[PDB]
file target-v3.cif (mmCIF, N, CA and C atoms and all ligand atoms)
data_final
#
loop_
_atom_site.label_atom_id
_atom_site.label_comp_id
_atom_site.auth_asym_id
_atom_site.auth_seq_id
_atom_site.Cartn_x
_atom_site.Cartn_y
_atom_site.Cartn_z
N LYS A 1 14.87 11.11 4.99
CA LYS A 1 13.95 12.11 5.52
C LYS A 1 12.51 11.61 5.53
N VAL A 2 12.02 11.17 4.37
CA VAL A 2 10.62 10.75 4.27
C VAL A 2 10.35 9.58 5.21
N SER A 3 11.20 8.54 5.16
CA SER A 3 11.04 7.41 6.06
C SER A 3 11.03 7.86 7.52
N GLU A 4 12.05 8.62 7.93
CA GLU A 4 12.14 9.14 9.29
C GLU A 4 10.87 9.86 9.71
N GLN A 5 10.44 10.82 8.89
CA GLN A 5 9.26 11.61 9.21
C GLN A 5 8.03 10.72 9.38
N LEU A 6 7.85 9.74 8.49
CA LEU A 6 6.70 8.84 8.64
C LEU A 6 6.80 7.99 9.90
N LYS A 7 8.00 7.66 10.35
CA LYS A 7 8.17 6.95 11.60
C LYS A 7 7.70 7.86 12.73
N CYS A 8 8.08 9.13 12.65
CA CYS A 8 7.70 10.09 13.67
C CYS A 8 6.18 10.10 13.76
N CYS A 9 5.57 10.14 12.58
CA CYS A 9 4.10 10.14 12.49
C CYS A 9 3.48 8.87 13.05
N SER A 10 4.07 7.70 12.77
CA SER A 10 3.46 6.50 13.32
C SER A 10 3.60 6.48 14.84
N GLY A 11 4.67 7.07 15.37
CA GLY A 11 4.79 7.18 16.82
C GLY A 11 3.69 8.04 17.41
N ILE A 12 3.37 9.16 16.76
CA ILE A 12 2.25 9.99 17.19
C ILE A 12 0.97 9.18 17.19
N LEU A 13 0.71 8.46 16.10
CA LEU A 13 -0.50 7.66 16.00
C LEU A 13 -0.56 6.63 17.12
N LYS A 14 0.55 5.93 17.37
CA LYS A 14 0.57 4.98 18.47
C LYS A 14 0.23 5.65 19.79
N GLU A 15 0.79 6.84 20.04
CA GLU A 15 0.43 7.58 21.25
C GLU A 15 -1.05 7.92 21.30
N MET A 16 -1.61 8.42 20.19
CA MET A 16 -3.01 8.83 20.24
C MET A 16 -3.92 7.65 20.56
N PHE A 17 -3.50 6.44 20.18
CA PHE A 17 -4.17 5.20 20.48
C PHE A 17 -3.86 4.63 21.85
N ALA A 18 -2.96 5.26 22.61
CA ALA A 18 -2.40 4.74 23.85
C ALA A 18 -3.39 4.86 25.00
N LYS A 19 -3.20 4.01 26.01
CA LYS A 19 -4.07 4.07 27.17
C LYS A 19 -3.97 5.41 27.89
N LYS A 20 -2.81 6.09 27.84
CA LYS A 20 -2.70 7.34 28.58
C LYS A 20 -3.64 8.43 28.06
N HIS A 21 -4.06 8.35 26.80
CA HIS A 21 -4.98 9.33 26.23
C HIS A 21 -6.39 8.79 26.05
N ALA A 22 -6.68 7.59 26.56
CA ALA A 22 -7.95 6.96 26.20
C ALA A 22 -9.17 7.68 26.75
N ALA A 23 -9.02 8.44 27.84
CA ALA A 23 -10.19 9.05 28.45
C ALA A 23 -10.85 10.06 27.52
N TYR A 24 -10.10 10.63 26.58
CA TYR A 24 -10.68 11.56 25.62
C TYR A 24 -10.49 11.11 24.18
N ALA A 25 -9.65 10.11 23.92
CA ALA A 25 -9.46 9.69 22.53
C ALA A 25 -10.52 8.70 22.06
N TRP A 26 -11.23 8.03 22.96
CA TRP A 26 -12.03 6.89 22.54
C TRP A 26 -13.12 7.21 21.52
N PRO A 27 -13.77 8.38 21.50
CA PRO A 27 -14.77 8.63 20.45
C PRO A 27 -14.19 8.61 19.04
N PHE A 28 -12.87 8.71 18.90
CA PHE A 28 -12.22 8.85 17.61
C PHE A 28 -11.51 7.57 17.20
N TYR A 29 -11.72 6.48 17.95
CA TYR A 29 -11.03 5.23 17.63
C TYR A 29 -11.54 4.60 16.34
N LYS A 30 -12.84 4.68 16.09
CA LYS A 30 -13.47 4.01 14.96
C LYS A 30 -14.35 4.99 14.21
N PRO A 31 -14.73 4.67 12.97
CA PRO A 31 -15.59 5.59 12.22
C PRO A 31 -16.83 5.93 13.02
N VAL A 32 -17.29 7.18 12.87
CA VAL A 32 -18.56 7.56 13.47
C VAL A 32 -19.64 6.67 12.87
N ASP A 33 -20.35 5.95 13.74
CA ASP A 33 -21.51 5.14 13.36
C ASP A 33 -22.74 6.02 13.47
N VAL A 34 -23.01 6.76 12.38
CA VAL A 34 -24.06 7.79 12.41
C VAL A 34 -25.39 7.18 12.84
N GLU A 35 -25.77 6.06 12.21
CA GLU A 35 -27.06 5.44 12.49
C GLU A 35 -27.16 5.02 13.94
N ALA A 36 -26.16 4.29 14.43
CA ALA A 36 -26.17 3.85 15.83
C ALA A 36 -26.25 5.03 16.79
N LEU A 37 -25.70 6.18 16.43
CA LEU A 37 -25.68 7.32 17.32
C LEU A 37 -26.89 8.23 17.16
N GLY A 38 -27.79 7.93 16.22
CA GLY A 38 -28.93 8.79 15.96
C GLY A 38 -28.60 10.04 15.16
N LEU A 39 -27.42 10.10 14.56
CA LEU A 39 -26.93 11.32 13.91
C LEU A 39 -27.26 11.25 12.42
N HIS A 40 -28.56 11.28 12.10
CA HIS A 40 -28.97 10.97 10.73
C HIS A 40 -28.64 12.06 9.72
N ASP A 41 -28.13 13.21 10.15
CA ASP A 41 -27.62 14.21 9.23
C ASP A 41 -26.10 14.20 9.11
N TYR A 42 -25.41 13.26 9.76
CA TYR A 42 -23.95 13.30 9.76
C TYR A 42 -23.36 13.24 8.34
N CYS A 43 -23.82 12.29 7.53
CA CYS A 43 -23.31 12.09 6.19
C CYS A 43 -23.49 13.35 5.35
N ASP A 44 -24.62 14.02 5.59
CA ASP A 44 -25.01 15.19 4.82
C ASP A 44 -24.16 16.41 5.13
N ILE A 45 -23.56 16.42 6.32
CA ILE A 45 -22.75 17.54 6.78
C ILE A 45 -21.26 17.28 6.63
N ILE A 46 -20.84 16.05 6.91
CA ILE A 46 -19.44 15.62 6.83
C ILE A 46 -19.24 14.86 5.52
N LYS A 47 -18.50 15.46 4.58
CA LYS A 47 -18.31 14.83 3.28
C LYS A 47 -17.16 13.82 3.26
N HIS A 48 -16.19 13.95 4.17
CA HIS A 48 -15.02 13.07 4.18
C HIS A 48 -14.76 12.60 5.60
N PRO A 49 -15.47 11.56 6.05
CA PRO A 49 -15.28 11.07 7.42
C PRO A 49 -13.86 10.55 7.61
N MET A 50 -13.39 10.61 8.86
CA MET A 50 -12.03 10.18 9.17
C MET A 50 -12.00 9.82 10.65
N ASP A 51 -11.16 8.83 11.00
CA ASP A 51 -11.02 8.36 12.37
C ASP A 51 -9.64 7.71 12.51
N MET A 52 -9.28 7.39 13.75
CA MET A 52 -7.93 6.88 13.96
C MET A 52 -7.73 5.46 13.43
N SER A 53 -8.78 4.63 13.36
CA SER A 53 -8.55 3.32 12.75
C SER A 53 -8.31 3.44 11.26
N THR A 54 -8.90 4.45 10.60
CA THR A 54 -8.63 4.63 9.18
C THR A 54 -7.21 5.14 8.96
N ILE A 55 -6.76 6.08 9.80
CA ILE A 55 -5.37 6.55 9.72
C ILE A 55 -4.41 5.38 9.96
N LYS A 56 -4.71 4.53 10.94
CA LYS A 56 -3.81 3.41 11.20
C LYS A 56 -3.77 2.45 10.01
N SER A 57 -4.93 2.17 9.40
CA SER A 57 -4.94 1.32 8.21
C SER A 57 -4.11 1.93 7.10
N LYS A 58 -4.25 3.25 6.89
CA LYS A 58 -3.50 3.89 5.81
C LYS A 58 -2.01 3.90 6.10
N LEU A 59 -1.61 4.07 7.36
CA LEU A 59 -0.19 3.95 7.72
C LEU A 59 0.32 2.53 7.48
N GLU A 60 -0.41 1.51 7.96
CA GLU A 60 0.05 0.13 7.80
C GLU A 60 0.21 -0.24 6.33
N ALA A 61 -0.72 0.22 5.49
CA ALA A 61 -0.72 -0.08 4.06
C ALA A 61 0.19 0.83 3.25
N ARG A 62 0.95 1.71 3.91
CA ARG A 62 1.88 2.61 3.24
C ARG A 62 1.16 3.51 2.23
N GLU A 63 -0.05 3.93 2.58
CA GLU A 63 -0.75 4.88 1.73
C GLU A 63 -0.19 6.29 1.87
N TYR A 64 0.22 6.69 3.08
CA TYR A 64 0.79 8.03 3.25
C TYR A 64 2.18 8.10 2.64
N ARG A 65 2.38 9.04 1.72
CA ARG A 65 3.71 9.19 1.15
C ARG A 65 4.56 10.20 1.89
N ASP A 66 3.97 11.01 2.77
CA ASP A 66 4.74 12.00 3.51
C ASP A 66 3.97 12.45 4.74
N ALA A 67 4.68 13.12 5.64
CA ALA A 67 4.10 13.55 6.91
C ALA A 67 2.91 14.49 6.71
N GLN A 68 3.01 15.39 5.73
CA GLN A 68 1.92 16.34 5.48
C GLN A 68 0.61 15.65 5.13
N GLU A 69 0.67 14.55 4.38
CA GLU A 69 -0.55 13.81 4.05
C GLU A 69 -1.17 13.19 5.30
N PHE A 70 -0.35 12.64 6.19
CA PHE A 70 -0.84 12.08 7.45
C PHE A 70 -1.46 13.16 8.32
N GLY A 71 -0.76 14.29 8.48
CA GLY A 71 -1.29 15.37 9.31
C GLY A 71 -2.61 15.90 8.78
N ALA A 72 -2.73 16.03 7.46
CA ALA A 72 -4.00 16.52 6.90
C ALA A 72 -5.15 15.59 7.26
N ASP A 73 -4.93 14.27 7.24
CA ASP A 73 -5.98 13.34 7.66
C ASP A 73 -6.30 13.49 9.14
N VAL A 74 -5.28 13.51 10.00
CA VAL A 74 -5.58 13.64 11.42
C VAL A 74 -6.35 14.93 11.69
N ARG A 75 -5.94 16.04 11.06
CA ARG A 75 -6.63 17.30 11.28
C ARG A 75 -8.04 17.27 10.72
N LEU A 76 -8.24 16.56 9.60
CA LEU A 76 -9.58 16.42 9.06
C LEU A 76 -10.51 15.78 10.09
N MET A 77 -10.01 14.79 10.83
CA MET A 77 -10.81 14.12 11.85
C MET A 77 -11.30 15.12 12.89
N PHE A 78 -10.42 16.02 13.33
CA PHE A 78 -10.82 16.99 14.34
C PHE A 78 -11.77 18.01 13.74
N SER A 79 -11.48 18.45 12.51
CA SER A 79 -12.32 19.44 11.85
C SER A 79 -13.75 18.93 11.67
N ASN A 80 -13.90 17.67 11.26
CA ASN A 80 -15.24 17.08 11.15
C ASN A 80 -15.99 17.20 12.47
N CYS A 81 -15.30 16.95 13.59
CA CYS A 81 -15.95 17.06 14.89
C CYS A 81 -16.37 18.50 15.17
N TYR A 82 -15.49 19.47 14.84
CA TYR A 82 -15.81 20.88 15.05
C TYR A 82 -16.90 21.36 14.09
N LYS A 83 -16.92 20.84 12.86
CA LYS A 83 -18.03 21.01 11.92
C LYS A 83 -19.38 20.67 12.51
N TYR A 84 -19.51 19.42 12.96
CA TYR A 84 -20.82 18.82 13.16
C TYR A 84 -21.47 19.25 14.47
N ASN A 85 -20.65 19.42 15.53
CA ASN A 85 -21.10 19.55 16.92
C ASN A 85 -21.09 20.98 17.41
N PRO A 86 -22.07 21.31 18.25
CA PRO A 86 -22.02 22.58 18.97
C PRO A 86 -20.73 22.67 19.76
N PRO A 87 -20.10 23.84 19.85
CA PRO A 87 -18.76 23.91 20.44
C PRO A 87 -18.71 23.60 21.93
N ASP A 88 -19.85 23.55 22.62
CA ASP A 88 -19.90 23.26 24.04
C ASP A 88 -20.13 21.78 24.36
N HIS A 89 -20.23 20.93 23.34
CA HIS A 89 -20.52 19.51 23.52
C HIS A 89 -19.27 18.78 24.01
N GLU A 90 -19.47 17.75 24.83
CA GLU A 90 -18.34 17.04 25.43
C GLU A 90 -17.39 16.51 24.36
N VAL A 91 -17.93 15.99 23.26
CA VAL A 91 -17.06 15.38 22.25
C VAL A 91 -16.11 16.41 21.65
N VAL A 92 -16.53 17.68 21.61
CA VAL A 92 -15.66 18.74 21.10
C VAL A 92 -14.56 19.04 22.10
N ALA A 93 -14.89 19.03 23.40
CA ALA A 93 -13.87 19.19 24.42
C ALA A 93 -12.83 18.09 24.33
N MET A 94 -13.27 16.85 24.06
CA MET A 94 -12.32 15.75 23.93
C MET A 94 -11.48 15.89 22.66
N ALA A 95 -12.10 16.32 21.55
CA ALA A 95 -11.34 16.55 20.33
C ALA A 95 -10.26 17.61 20.54
N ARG A 96 -10.59 18.70 21.22
CA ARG A 96 -9.60 19.76 21.44
C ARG A 96 -8.41 19.25 22.23
N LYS A 97 -8.66 18.44 23.25
CA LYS A 97 -7.57 17.89 24.06
C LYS A 97 -6.70 16.96 23.24
N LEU A 98 -7.32 16.11 22.43
CA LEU A 98 -6.52 15.19 21.64
C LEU A 98 -5.74 15.93 20.55
N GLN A 99 -6.32 17.00 19.98
CA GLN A 99 -5.59 17.80 19.00
C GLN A 99 -4.40 18.51 19.62
N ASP A 100 -4.51 18.92 20.89
CA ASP A 100 -3.37 19.50 21.59
C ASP A 100 -2.22 18.50 21.66
N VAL A 101 -2.52 17.26 22.03
CA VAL A 101 -1.51 16.19 22.04
C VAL A 101 -0.87 16.05 20.67
N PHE A 102 -1.71 15.97 19.63
CA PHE A 102 -1.20 15.80 18.27
C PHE A 102 -0.33 16.99 17.85
N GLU A 103 -0.84 18.22 18.00
CA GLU A 103 -0.11 19.35 17.41
C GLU A 103 1.24 19.56 18.10
N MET A 104 1.31 19.34 19.41
CA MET A 104 2.55 19.59 20.12
C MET A 104 3.61 18.56 19.72
N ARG A 105 3.21 17.30 19.52
CA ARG A 105 4.20 16.30 19.13
C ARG A 105 4.52 16.35 17.64
N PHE A 106 3.51 16.64 16.80
CA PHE A 106 3.80 16.80 15.38
C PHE A 106 4.78 17.94 15.14
N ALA A 107 4.73 19.00 15.96
CA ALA A 107 5.65 20.12 15.86
C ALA A 107 7.10 19.67 16.03
N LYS A 108 7.32 18.56 16.75
CA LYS A 108 8.66 18.05 17.05
C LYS A 108 9.20 17.12 15.97
N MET A 109 8.53 17.02 14.81
CA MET A 109 9.09 16.48 13.56
C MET A 109 10.58 16.68 13.30
N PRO A 110 11.35 15.61 13.08
CA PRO A 110 12.64 15.76 12.39
C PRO A 110 12.39 16.41 11.03
N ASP A 111 13.18 17.43 10.69
CA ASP A 111 12.85 18.26 9.53
C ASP A 111 13.92 18.22 8.44
N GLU A 112 14.62 17.10 8.30
CA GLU A 112 15.66 16.99 7.27
C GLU A 112 16.21 15.57 7.14
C1 LIG A 201 -22.36 7.90 22.56
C2 LIG A 201 -21.46 8.95 23.20
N1 LIG A 201 -21.62 9.50 24.41
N2 LIG A 201 -20.59 10.40 24.59
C3 LIG A 201 -20.39 11.21 25.79
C4 LIG A 201 -19.82 10.42 23.54
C5 LIG A 201 -18.59 11.31 23.40
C6 LIG A 201 -20.34 9.54 22.60
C7 LIG A 201 -19.72 9.22 21.23
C8 LIG A 201 -19.44 7.91 20.95
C9 LIG A 201 -18.84 7.55 19.75
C10 LIG A 201 -18.50 8.51 18.82
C11 LIG A 201 -18.80 9.84 19.07
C12 LIG A 201 -18.39 10.90 18.03
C13 LIG A 201 -17.13 10.84 17.41
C14 LIG A 201 -16.78 11.82 16.50
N3 LIG A 201 -17.61 12.81 16.23
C15 LIG A 201 -18.84 12.90 16.80
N4 LIG A 201 -19.85 13.80 16.67
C16 LIG A 201 -20.85 13.44 17.48
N5 LIG A 201 -20.50 12.31 18.12
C17 LIG A 201 -19.25 11.98 17.71
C18 LIG A 201 -19.38 10.19 20.30
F1 LIG A 201 -19.66 11.50 20.59
#
call {"tool": "encode", "arguments": {"input": "target-v3.cif", "output": "structure tokens"}}
result
Amino acid sequence: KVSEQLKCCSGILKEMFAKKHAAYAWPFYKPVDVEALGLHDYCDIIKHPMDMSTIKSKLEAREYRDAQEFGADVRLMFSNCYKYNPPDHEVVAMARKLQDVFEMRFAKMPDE
């Protein structure tokens, strides 16, 4: 069960990194570079930054022990975006679309 579920999760991660979703996934590929982006309050507002390269590193290194731990990280990434940004900002629109992809496929988890 655990192995299977984590495979399911790595498939989701591979999809989120895929070219078919790149038009809205790209802001989430790497850690937010607060300084480069001029976002000098980012650290002060976001206490636990998260991005898809960090999730991929944690998957490769077998840090996730179960699907719930992986999902909590992916959702944290979206929540940080909803935290920091006005809800009408383009990056929030892209986060919502990528979360739709994630939640619909995560729902299709093998459950035993
Ligand atoms: C520059 C730039 N131009 N455009 C239209 C976008 C979407 C960006 C951009 C580039 C890289 C990362 C981010 C980003 C990621 C996660 N959270 C964020 N919060 C504010 N920016 C965030 C980003 F918006």
call {"tool": "select_by_dssp", "arguments": {"input": "target-v3.cif", "residues": "chain A", "states": "alpha helix (DSSP H)", "output": "PyMOL selection string"}}
result
chain A and resi 2-16+22-25+34-37+42-45+52-60+67-84+90-106
call {"tool": "residues_near_ligand", "arguments": {"input": "target-v3.cif", "ligand": "ligand LIG 201 (chain A)", "cutoff": "7 Å", "atoms": "only N, CA and C atoms and all ligand atoms", "output": "ChimeraX atom specification"}}
result
/A:26-29,31-33,37,80-81,84-85,90-92
call {"tool": "write_last_selection", "arguments": {"input": "target-v3.cif", "atoms": "N, CA and C atoms", "output": "JSON list (two decimals), in the coordinates of the input"}}
result
[["chain", "number", "residue", "atom", "x", "y", "z"],
["A", 26, "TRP", "N", -11.23, 8.03, 22.96],
["A", 26, "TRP", "CA", -12.03, 6.89, 22.54],
["A", 26, "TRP", "C", -13.12, 7.21, 21.52],
["A", 27, "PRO", "N", -13.77, 8.38, 21.50],
["A", 27, "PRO", "CA", -14.77, 8.63, 20.45],
["A", 27, "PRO", "C", -14.19, 8.61, 19.04],
["A", 28, "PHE", "N", -12.87, 8.71, 18.90],
["A", 28, "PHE", "CA", -12.22, 8.85, 17.61],
["A", 28, "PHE", "C", -11.51, 7.57, 17.20],
["A", 29, "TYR", "N", -11.72, 6.48, 17.95],
["A", 29, "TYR", "CA", -11.03, 5.23, 17.63],
["A", 29, "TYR", "C", -11.54, 4.60, 16.34],
["A", 31, "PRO", "N", -14.73, 4.67, 12.97],
["A", 31, "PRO", "CA", -15.59, 5.59, 12.22],
["A", 31, "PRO", "C", -16.83, 5.93, 13.02],
["A", 32, "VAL", "N", -17.29, 7.18, 12.87],
["A", 32, "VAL", "CA", -18.56, 7.56, 13.47],
["A", 32, "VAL", "C", -19.64, 6.67, 12.87],
["A", 33, "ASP", "N", -20.35, 5.95, 13.74],
["A", 33, "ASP", "CA", -21.51, 5.14, 13.36],
["A", 33, "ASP", "C", -22.74, 6.02, 13.47],
["A", 37, "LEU", "N", -25.70, 6.18, 16.43],
["A", 37, "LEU", "CA", -25.68, 7.32, 17.32],
["A", 37, "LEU", "C", -26.89, 8.23, 17.16],
["A", 80, "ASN", "N", -13.90, 17.67, 11.26],
["A", 80, "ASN", "CA", -15.24, 17.08, 11.15],
["A", 80, "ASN", "C", -15.99, 17.20, 12.47],
["A", 81, "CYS", "N", -15.30, 16.95, 13.59],
["A", 81, "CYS", "CA", -15.95, 17.06, 14.89],
["A", 81, "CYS", "C", -16.37, 18.50, 15.17],
["A", 84, "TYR", "N", -19.51, 19.42, 12.96],
["A", 84, "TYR", "CA", -20.82, 18.82, 13.16],
["A", 84, "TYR", "C", -21.47, 19.25, 14.47],
["A", 85, "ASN", "N", -20.65, 19.42, 15.53],
["A", 85, "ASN", "CA", -21.10, 19.55, 16.92],
["A", 85, "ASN", "C", -21.09, 20.98, 17.41],
["A", 90, "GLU", "N", -19.47, 17.75, 24.83],
["A", 90, "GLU", "CA", -18.34, 17.04, 25.43],
["A", 90, "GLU", "C", -17.39, 16.51, 24.36],
["A", 91, "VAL", "N", -17.93, 15.99, 23.26],
["A", 91, "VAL", "CA", -17.06, 15.38, 22.25],
["A", 91, "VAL", "C", -16.11, 16.41, 21.65],
["A", 92, "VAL", "N", -16.53, 17.68, 21.61],
["A", 92, "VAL", "CA", -15.66, 18.74, 21.10],
["A", 92, "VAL", "C", -14.56, 19.04, 22.10]]
call {"tool": "atom_distance", "arguments": {"input": "target-v3.cif", "atom1": "atom C of residue 58 in chain A", "atom2": "atom C of residue 42 in chain A"}}
result
23.4 Å
call {"tool": "atom_distance", "arguments": {"input": "target-v3.cif", "atom1": "CA of residue 51 in chain A", "atom2": "atom C of residue 30 in chain A"}}
result
5.1 Å
call {"tool": "atom_distance", "arguments": {"input": "target-v3.cif", "atom1": "atom C of residue 6 in chain A", "atom2": "atom N of residue 67 in chain A"}}
result
7.0 Å
call {"tool": "residues_near_point", "arguments": {"input": "target-v3.cif", "point": "(3.3, 14.5, 9.1)", "cutoff": "8 Å", "atoms": "only N, CA and C atoms", "output": "PyMOL selection string"}}
result
chain A and resi 5-6+8-10+66-72+106+109
call {"tool": "residues_around", "arguments": {"input": "target-v3.cif", "residues": "residue 97 in chain A", "least_positions_apart": "2", "cutoff": "12 Å", "atoms": "only C-alpha atoms", "output": "PyMOL selection string"}}
result
chain A and resi 16+21-26+78+90-95+99-104
call {"tool": "closest_residue", "arguments": {"input": "target-v3.cif", "among": "A:107, A:36, A:45, A:13", "to": "residue 73 in chain A", "atoms": "only C-alpha atoms"}}
result
A:13
call {"tool": "build_atoms", "arguments": {"input": "target-v3.cif", "residues": "range 46-59 of chain A", "atoms": "N, CA, C and O atoms", "output": "PDB file, in the coordinates of the input"}}
result
ATOM      1  N   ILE A  46     -20.840  16.050   6.910  1.00  0.00           N
ATOM      2  CA  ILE A  46     -19.440  15.620   6.830  1.00  0.00           C
ATOM      3  C   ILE A  46     -19.240  14.860   5.520  1.00  0.00           C
ATOM      4  O   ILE A  46     -19.717  13.740   5.351  1.00  0.00           O
ATOM      5  N   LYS A  47     -18.500  15.460   4.580  1.00  0.00           N
ATOM      6  CA  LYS A  47     -18.310  14.830   3.280  1.00  0.00           C
ATOM      7  C   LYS A  47     -17.160  13.820   3.260  1.00  0.00           C
ATOM      8  O   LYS A  47     -17.154  12.916   2.419  1.00  0.00           O
ATOM      9  N   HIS A  48     -16.190  13.950   4.170  1.00  0.00           N
ATOM     10  CA  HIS A  48     -15.020  13.070   4.180  1.00  0.00           C
ATOM     11  C   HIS A  48     -14.760  12.600   5.600  1.00  0.00           C
ATOM     12  O   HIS A  48     -13.929  13.166   6.322  1.00  0.00           O
ATOM     13  N   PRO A  49     -15.470  11.560   6.050  1.00  0.00           N
ATOM     14  CA  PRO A  49     -15.280  11.070   7.420  1.00  0.00           C
ATOM     15  C   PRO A  49     -13.860  10.550   7.610  1.00  0.00           C
ATOM     16  O   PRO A  49     -13.205  10.096   6.669  1.00  0.00           O
ATOM     17  N   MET A  50     -13.390  10.610   8.860  1.00  0.00           N
ATOM     18  CA  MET A  50     -12.030  10.180   9.170  1.00  0.00           C
ATOM     19  C   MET A  50     -12.000   9.820  10.650  1.00  0.00           C
ATOM     20  O   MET A  50     -12.693  10.440  11.455  1.00  0.00           O
ATOM     21  N   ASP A  51     -11.160   8.830  11.000  1.00  0.00           N
ATOM     22  CA  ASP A  51     -11.020   8.360  12.370  1.00  0.00           C
ATOM     23  C   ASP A  51      -9.640   7.710  12.510  1.00  0.00           C
ATOM     24  O   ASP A  51      -8.950   7.454  11.522  1.00  0.00           O
ATOM     25  N   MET A  52      -9.280   7.390  13.750  1.00  0.00           N
ATOM     26  CA  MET A  52      -7.930   6.880  13.960  1.00  0.00           C
ATOM     27  C   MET A  52      -7.730   5.460  13.430  1.00  0.00           C
ATOM     28  O   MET A  52      -6.610   5.104  13.062  1.00  0.00           O
ATOM     29  N   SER A  53      -8.780   4.630  13.360  1.00  0.00           N
ATOM     30  CA  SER A  53      -8.550   3.320  12.750  1.00  0.00           C
ATOM     31  C   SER A  53      -8.310   3.440  11.260  1.00  0.00           C
ATOM     32  O   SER A  53      -7.583   2.626  10.682  1.00  0.00           O
ATOM     33  N   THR A  54      -8.900   4.450  10.600  1.00  0.00           N
ATOM     34  CA  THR A  54      -8.630   4.630   9.180  1.00  0.00           C
ATOM     35  C   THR A  54      -7.210   5.140   8.960  1.00  0.00           C
ATOM     36  O   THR A  54      -6.499   4.666   8.057  1.00  0.00           O
ATOM     37  N   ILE A  55      -6.760   6.080   9.800  1.00  0.00           N
ATOM     38  CA  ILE A  55      -5.370   6.550   9.720  1.00  0.00           C
ATOM     39  C   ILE A  55      -4.410   5.380   9.960  1.00  0.00           C
ATOM     40  O   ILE A  55      -3.399   5.237   9.252  1.00  0.00           O
ATOM     41  N   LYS A  56      -4.710   4.530  10.940  1.00  0.00           N
ATOM     42  CA  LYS A  56      -3.810   3.410  11.200  1.00  0.00           C
ATOM     43  C   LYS A  56      -3.770   2.450  10.010  1.00  0.00           C
ATOM     44  O   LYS A  56      -2.701   1.963   9.646  1.00  0.00           O
ATOM     45  N   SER A  57      -4.930   2.170   9.400  1.00  0.00           N
ATOM     46  CA  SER A  57      -4.940   1.320   8.210  1.00  0.00           C
ATOM     47  C   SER A  57      -4.110   1.930   7.100  1.00  0.00           C
ATOM     48  O   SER A  57      -3.345   1.230   6.415  1.00  0.00           O
ATOM     49  N   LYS A  58      -4.250   3.250   6.890  1.00  0.00           N
ATOM     50  CA  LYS A  58      -3.500   3.890   5.810  1.00  0.00           C
ATOM     51  C   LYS A  58      -2.010   3.900   6.100  1.00  0.00           C
ATOM     52  O   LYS A  58      -1.203   3.738   5.174  1.00  0.00           O
ATOM     53  N   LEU A  59      -1.610   4.070   7.360  1.00  0.00           N
ATOM     54  CA  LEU A  59      -0.190   3.950   7.720  1.00  0.00           C
ATOM     55  C   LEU A  59       0.320   2.530   7.480  1.00  0.00           C
ATOM     56  O   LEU A  59       1.375   2.339   6.868  1.00  0.00           O
TER      57      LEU A  59
END
